[PDB]
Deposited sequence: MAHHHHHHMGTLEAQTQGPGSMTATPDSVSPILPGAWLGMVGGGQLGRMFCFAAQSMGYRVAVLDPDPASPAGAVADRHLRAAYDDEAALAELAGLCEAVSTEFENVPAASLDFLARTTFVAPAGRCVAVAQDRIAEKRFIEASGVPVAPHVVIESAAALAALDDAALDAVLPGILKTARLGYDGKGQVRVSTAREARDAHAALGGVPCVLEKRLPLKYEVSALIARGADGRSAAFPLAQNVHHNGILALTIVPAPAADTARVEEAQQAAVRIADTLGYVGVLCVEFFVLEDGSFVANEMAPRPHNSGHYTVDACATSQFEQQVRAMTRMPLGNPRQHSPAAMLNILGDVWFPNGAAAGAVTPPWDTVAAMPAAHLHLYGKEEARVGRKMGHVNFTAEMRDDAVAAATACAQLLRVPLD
């Protein structure tokens, strides 16, 4: 049965995702308690209540579970044991078991395959013993590639020898060895699924990464035709159904030069590639998180306006280099752009690589949203390639 407006909802993690959840939840009349050990928590600052405590502090967890009728998550490395502890006393969506699958590169690959969705070529290496039982030819099948720890932790490798040495260099921990592929473009599907098994899919997003960090998202994905959108949406839903997932799920895919389509990873939460939904869709990804965790009907995902999203890293504050000190970006100039919606997360210190905000661009025509995002990237010195 539904948990109606006025109820306390809990959020494990108080970064920008938790912060944007607060606005969605409070707008609908819910109260939000954020658990985040950071005294400067961006989400905690704007929540109804902030429990300043560690993610494994049982007294804090009991207080959250006691106060809240449902709890969801945004923090990247949340211990599933904490979600377990919480679910003894309250409704937790997504469940710890789902979060644990999504947080482990081996589990996630195995699960997507089990859901009947093609996965990007890789070899699983659980241990030194598992590595010993793989011959050079077995490794060569996925090389050159990148060795990645299943749970920073990545090594580019070209030969079987480099692969063996890299595994030892990472301490022999569980890893996946991912083949480098002839990538054409990247897309993400973003879906909400409820406790009753009903789901709602957003449009397909096309994502550009720079130096391994999301830079630009365009929606609807320019490169993907109707059949591709449908294929990607159905894939994400199939995964969510197989997982018994309640919440927002983001699945990232590669489209290769040969036209093939492969899933690479998934996030058990609202995702950076979904921030456009706040300004471009009838229901945002944050509103869907609220609806899923309260067992309320899912919202209409209708995209009213074509959109682009430009990430704002801390690098934007360092036009004279990181060491020379912060310079406030020209936010007035950005606000003068008619397509722009400026989102800044209330983080105190700009640092290289740190996500400080984003700018959504909406317009009647997609080309105009994209041109505005491109011009803003030039203004702010944000590299797109």
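According to the record, no C-alpha positions are given for deposited positions 1 to 29, 181 to 185, numbered from 1.
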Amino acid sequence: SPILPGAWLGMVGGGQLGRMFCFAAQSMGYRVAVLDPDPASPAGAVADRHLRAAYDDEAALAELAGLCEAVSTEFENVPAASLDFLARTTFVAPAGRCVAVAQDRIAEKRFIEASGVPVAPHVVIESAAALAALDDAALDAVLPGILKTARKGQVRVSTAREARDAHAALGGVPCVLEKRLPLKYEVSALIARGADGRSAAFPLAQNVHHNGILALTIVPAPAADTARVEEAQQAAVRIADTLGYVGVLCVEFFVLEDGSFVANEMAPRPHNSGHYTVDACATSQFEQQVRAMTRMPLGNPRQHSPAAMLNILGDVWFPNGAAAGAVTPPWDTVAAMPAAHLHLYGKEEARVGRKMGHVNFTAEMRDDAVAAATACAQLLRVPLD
From here on, numbers count along this sequence of modelled residues.
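When the mean C-alpha temperature factors of 183 to 191 and 200 to 208 are read from the deposited coordinates, 183 to 191 comes out higher. In this entry, 63 to 71 shows the higher mean Cα temperature factor of the pair 63 to 71 and 354 to 362. Set against one another, the Cα B-factors of 223, 93, 132, 280 in the record reach their highest point at 93.
Between the residues 241, 113, 315, 287, the entry's highest C-alpha temperature factor is the one at 113. Ranked within its chain, residue 155 lands in the highest third, by CA B factor from the PDB record. For residue 85, the recorded CA temperature factor ranks within the highest third of the chain's modelled residues.
Residue-level temperature factors show residue 335 in the lowest third of its chain, judged at the C-alpha atom. Annotation for residue 295: C-alpha temperature factor in the middle third relative to the rest of the modelled chain, per the entry.
Annotation for residue 233: C-alpha temperature factor in the middle third relative to the rest of the modelled chain, per the entry.
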